[PDB]
Every structure is written in structure tokens, then in C-alpha cells.
Amino acid sequence: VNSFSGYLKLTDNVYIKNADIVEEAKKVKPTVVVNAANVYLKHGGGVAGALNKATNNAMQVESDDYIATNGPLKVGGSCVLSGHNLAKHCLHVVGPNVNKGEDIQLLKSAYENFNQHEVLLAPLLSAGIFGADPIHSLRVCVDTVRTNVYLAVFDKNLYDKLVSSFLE
Ligand SMILES: CCNC(=O)c1cc2c(N[C@H](c3ccc4c(c3)OCCO4)C(C)C)ncnc2[nH]1
């Protein structure tokens, strides 16, 4: 149903909210929820652990069967699988982990995957323990994504910093 509410409009197609992506998925019932994935789809930590626990591990069982046959994704790549109880589909997107020395330039490729979908609920890619500068990730999002993206950032201090910086 894509019933998004309470978002700050940053550009004609990018929106942001201080919210838990799991609670947004339950309220909004989106066509697509984006997971902040890693290449072998191990859904621990961060957004991935939160989404997988909210599916009672159904996402991890489906992801393990996908990886057994298809092997890992690449950094910057993505994979559509079921959204289970949270969405129609989950778009698993791998941003670079700069705290592990991955290439920050591939963050543009990671966001480009969003352009195959008319509307998405998503986290801020490569943030948290992946180490990218959040202000930089929001700029790459705004400059790359053309479809309608609703960003849920579950940290009030980070959200207030991003909004203040974007409005400069
Ligand atoms: C109570 C259950 N819910 C949650 O624990 C939860 C965590 C959430 C989150 N985390 C951000 C993040 C964004 C990209 C990430 C990442 C972490 O980890 C590493 C890979 O990339 C963080 C910067 C605030 N963003 C949005 N909704 C979230 N919900």
C-alpha cells in the first residue's frame, strides 16, 4: 500500500524520517524494503539483523538457499528476494564497508540499484559500522536515485545532523 507518513521532503524524490525501518515497514506495507546487506547475505547486525529478526528468521533461511546455488553478491550489487511479512519484495543492496577498506566510490553503484523500483523504503547505505560519512551517503543518494525513496534513519542525533547539513 506504500502509505508513507511523517517524512521531511528533501528533494522532489527523496524523503527522510527519524524512524526504525522495521516499524516503518509494518506501518507502510511497502512494495520494496531495502536491506543494508553484505555479499554472503549474513543478516546479523545493523539493519539486516533487525529485518531478519522481524521475519522470525524467514529472510535468513531464504537467503542461505539463494547463496548456496548462486554464490555471493559483489559490492555495489543487489538481489531481489521475498519481503516476507515486511514488504512484497526485499532489495538486498551491498554498500562498501569502508571500515574494512572497501572502495567508497562503489556507493554510487549501490544506490543506482534503487532506480529499477518506482518507490522504496530504505536505510542510509554504508552508515553505522560500515563507516561511510553519513552526509556523503545522503548526497550520493540524492545525486543518483531518480525514483521515490523514503529513508528511515534510526538515530535522532544522526538524523538531525543530516538534515541540518543538507539544508545548508
Ligand atoms: C529495534 C530494531 N531496529 C533496528 O535495530 C534498526 C537499526 C536501523 C538503522 N540503522 C542504521 C544503519 C544503516 C546502514 C547500515 C547499518 C546501520 O549497519 C551496517 C550496514 O549499513 C544506523 C546508521 C542508524 N537504520 C534504520 N532503521 C533501523 N532499525
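This chain uses plain numbering: 1 for the first residue, then up along the sequence.
The NZ atom of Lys88 sits 3.5 Å away from the OG1 atom of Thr31 when rounded to the nearest 0.5 Å. Residue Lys26 holds its NZ atom at 8.0 Å from CG of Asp20, rounded to the nearest 0.5 Å. Here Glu118 contributes atom CD and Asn2 contributes atom CG; the two are 9.5 Å apart, rounded to the nearest 0.5 Å. For the atom pair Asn35 CG and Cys79 SG, the distance stands at 10.5 Å (nearest 0.5 Å). Note that CG of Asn85 and NZ of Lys29 are 12.0 Å apart. Values are rounded to the nearest 0.5 Å. Here the NE2-CZ distance, from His136 to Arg139, works out to 8.5 Å after rounding to the nearest 0.5 Å.
With a 6.0 Å radius and a threshold of 12 heavy atoms from other residues, nucleotides or ligands, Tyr66 has its OH atom above the threshold. In the displayed structure, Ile129 atom CD1 is contacted under 6.0 Å by at most 12 heavy atoms of other residues, nucleotides or ligands.
Under a 3.5 Å cut-off, the side chain of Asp65 and the backbone N or O of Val61 do not form any donor-acceptor pair. A donor-acceptor pair under 3.5 Å links the side-chain atoms of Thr147 to the main chain of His117, judged by distance alone. Distance alone, capped at 3.5 Å, is enough to place a donor-acceptor pair between the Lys17 side chain and the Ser5 backbone. Side chain of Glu62 to main chain of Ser82: a donor-acceptor pair is present (N/O by atom type, distance under 3.5 Å, no hydrogens or angles). For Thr144 (side chain) and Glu112 (main-chain N/O), no donor-acceptor pair under 3.5 Å exists by modelled atom type. Using a distance-only test at 3.5 Å, with no hydrogens or angles considered, a donor-acceptor pair links the side chain of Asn18 to the main chain of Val153. In this structure, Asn113 contributes its side chain and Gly76 its backbone to a donor-acceptor pair below 3.5 Å. Judged by distance alone, the side chain of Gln60 and the main-chain N or O of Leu41 form a donor-acceptor pair under 3.5 Å. When atom types are taken as modelled, the side chain of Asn115 and the backbone of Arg146 share a donor-acceptor pair closer than 3.5 angstrom.
A salt bridge between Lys156 and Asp160 is present, with a side-chain N of the basic residue lying under 4.0 Å from a carboxylate O of the acidic one.
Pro96 approaches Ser126 most closely through the heavy-atom pair O-OG, 2.8 Å. Smallest separation of non-hydrogen atoms from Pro123 and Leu151: O-CD2, 3.6 Å. Scanning both residues, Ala48 and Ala36, for their nearest heavy atoms gives CB-O, 3.9 Å. Looking at every heavy atom in both residues, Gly95 comes nearest to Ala110 through CA-CB, 4.1 Å.
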| task | Kindly indicate, with the supporting measurements, whether the criterion side chain to side chain contact (heavy atoms under 4.5 Å, CB included) is fulfilled by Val149 and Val34. | result | CA-CA 10 Å; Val149 58; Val34 174; over 6 Å; no

| From CA spacing to verdict: side chain to side chain donor-acceptor pair (under 3.5 Å), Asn52, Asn57 | CA-CA 5 Å; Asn52 178 57; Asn57 206 54; 2.9 Å; yes

| field | Verdict with reasoning, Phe154 to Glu24, per side chain to side chain contact (heavy atoms under 4.5 Å, CB included) | value | CA-CA 11 Å; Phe154 188 42; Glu24 287 296 299; over 6 Å; no

| task | Before giving the answer on side chain to side chain contact (heavy atoms under 4.5 Å, CB included), spell out for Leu51 and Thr55 the whole-Å C-alpha distance, their side-chain angles and the decisive distance to 0.1 Å. | result | CA-CA 7 Å; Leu51 291 174; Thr55 75; 5.7 Å; no

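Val33 and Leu120 fall into different hydrophobic clusters, where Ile, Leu, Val, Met, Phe, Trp and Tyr residues are linked whenever their side-chain heavy atoms come under 4.5 Å apart, directly or through other members. Under the 4.5 Å side-chain contact rule for hydrophobic residues, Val163 and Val140 share a cluster. No continuous path of hydrophobic side-chain contacts links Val145 to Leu106 [ILVMFWY only; heavy atoms under 4.5 Å]. Note: the hydrophobic cluster containing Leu121 does not contain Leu81 (ILVMFWY, side chain heavy atoms under 4.5 Å, direct or indirect links). Tracing side-chain contacts under 4.5 Å through hydrophobic residues (I, L, V, M, F, W, Y), one reaches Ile104 starting from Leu125; they form part of the same cluster.
No side-chain heavy atom of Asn148 sits less than 4.5 Å from a side-chain heavy atom of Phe4. Here the side chains of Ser137 and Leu107 are in contact, with some heavy-atom distance below 4.5 Å. Annotation: side chain of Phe114 is not in contact with side chain of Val32 (no heavy-atom distance under 4.5 Å). Side-chain contact between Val75 and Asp103 is absent, with no heavy-atom pair separated by less than 4.5 Å. Using a 4.5 Å cut-off on side-chain heavy atoms (C-beta onward), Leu91 and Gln116 make no contact. A heavy-atom distance below 4.5 Å is not found between the side chains of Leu8 and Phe166. At least one side-chain heavy atom of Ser63 sits less than 4.5 Å from a side-chain heavy atom of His92. Between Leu73 and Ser78 there is no side-chain heavy-atom pair separated by less than 4.5 Å.
Between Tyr150 and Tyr15, the two ring planes are parallel [angle under 30°; tilted spans 30° to 60°].
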